[PDB]
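Encoded as structure tokens, the following chain is the form deposited in one PDB entry, with no partner shown.
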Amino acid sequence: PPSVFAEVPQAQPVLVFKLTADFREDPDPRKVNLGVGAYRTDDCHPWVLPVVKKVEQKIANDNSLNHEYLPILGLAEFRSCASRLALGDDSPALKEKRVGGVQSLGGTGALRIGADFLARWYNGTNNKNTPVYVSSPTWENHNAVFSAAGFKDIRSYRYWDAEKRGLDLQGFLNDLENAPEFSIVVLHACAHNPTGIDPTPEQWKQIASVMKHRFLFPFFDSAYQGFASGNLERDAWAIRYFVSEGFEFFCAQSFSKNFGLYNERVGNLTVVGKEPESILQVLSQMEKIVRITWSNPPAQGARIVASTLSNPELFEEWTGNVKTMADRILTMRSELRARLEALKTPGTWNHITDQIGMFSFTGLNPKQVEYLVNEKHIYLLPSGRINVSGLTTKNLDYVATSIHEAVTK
């Protein structure tokens, strides 16, 4: 009689997922949800980018388009344009033909494929022992993805200094100095998730130095290019510096946020190598991994991105749309800080504006968060992370005052 699945454990729900359900259930009228995982407008709505609507119309009216399998690595124009976006149009890595691009299922898919490749071809053959370094507090799914790829030794580098509400550069650099040679280091290219604190360009030069000295492999996660600061070139400054300093690396790019195309699963794994012929080989093995995962990737999202990035007018319109998003986020930061200061809230609050991108470590501790959630119906994670786009001109006063109460009490 007993089912073949009878002993399958009910998996634990994701913290963010439970939080938002608890919010929806909750009936008090002042409630705010600062744990949503995507950009929201000043009216608490999703935002389809005008350029996306425009390009979707053009796609729908282009009768030349068929539905035949894309190549295993993906739409050629999307892969070139995507890597060009990250590396910059006059990159030497590109001029010297030592850049590969694998279209992937969002940033998550690019991390996965990259991880699978490394667990098989990097630092030897099938070396699952190579240490993988991730930022202390990091995107939850970094660990899970590298574990799924087979890596058994996943480590933390120091990053968030709760005391000083900022980057522990010395901790970070120290941990990097002690890393076994050839260890993989998962770096946030900009808009650190979930803290919002990035290294400055000068701190990046120091990070790179240690990495170069200890032959560490950079695996960049670039989920926010342009969206972070409104400035595409500045958001890619670290990536381009590592290029200029001769590094070989992977960079997992997502277009979920910067195009608002979350549900079309558009990503690209950029590969930068020393010599061209070697890159051809890497791609050849990327194909094998893709084949046993998704076979080949979906077209619609990649078509939108490719059409946009290859047309200068649409490119301009898109950068405008992105700037709208980064300007709103900047503004809500500036205003949250100004209000907390005007209420003379204990502690410093410059971290709120030193941070960049949609997510902010507020610096509240778990008891303080418990107060906001339980007493004030303001929903955020124990870590004190908020989605800054969940701040609105309507709820700002209430949130600032609630945070003042929390810190004071």
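Start at 1 with the first residue shown and count on from there.
A.B. asks: Which is higher on average in the deposited entry, the C-alpha temperature factors of 91 to 99 or of 145 to 153?
C.D. replies: According to the entry, 91 to 99 carries the higher average C-alpha B-factor.
A.B. asks: Highest mean C-alpha temperature factor of the two stretches 177 to 185 and 68 to 76, which is it?
C.D. replies: Taking the mean B-factor of the alpha carbons in each, 177 to 185 is higher.
A.B. asks: Of the choices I59, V373, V48, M358, which one's C-alpha carries the largest B-factor in the record?
C.D. replies: Comparing C-alpha B-factors across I59, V373, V48, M358, the maximum falls on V373.
A.B. asks: Comparing recorded Cα B-factors across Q285, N126, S222, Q170, which one is largest?
C.D. replies: In the PDB entry, the greatest C-alpha B-factor among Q285, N126, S222, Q170 is found at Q170.
A.B. asks: Would you mind ranking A252 by its C-alpha B-factor against the rest of the chain and naming the third, lowest, middle or highest?
C.D. replies: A252: CA B-factor falls in the lowest third of its chain.
A.B. asks: Name the third of the chain's ranked CA B-factors that contains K53, choosing lowest, middle or highest.
C.D. replies: Answer is middle: the recorded C-alpha B-factor places it there.
A.B. asks: Taking the entry's C-alpha B-factors for this chain, is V322 in the lowest, middle or highest third?
C.D. replies: Answer is middle: the recorded C-alpha B-factor places it there.
A.B. asks: Against its chain's modelled residues, does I378's Cα B factor rank lowest, middle or highest third?
C.D. replies: Highest third, going by the recorded CA B-factors of the chain.
A.B. asks: Give the position of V210 by CA B-factor within its chain, expressed as the lowest, middle or highest third.
C.D. replies: According to the entry, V210 has a C-alpha B-factor in the chain's middle third.
Missing here is the form deposited in another entry; even so, the following discussion is about that form.
A.B. asks: Which entry in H188, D116, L309, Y39 lies on the hinge of the chain, given the rigid parts move between the shown form and the other one?
C.D. replies: This hinge corresponds to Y39.
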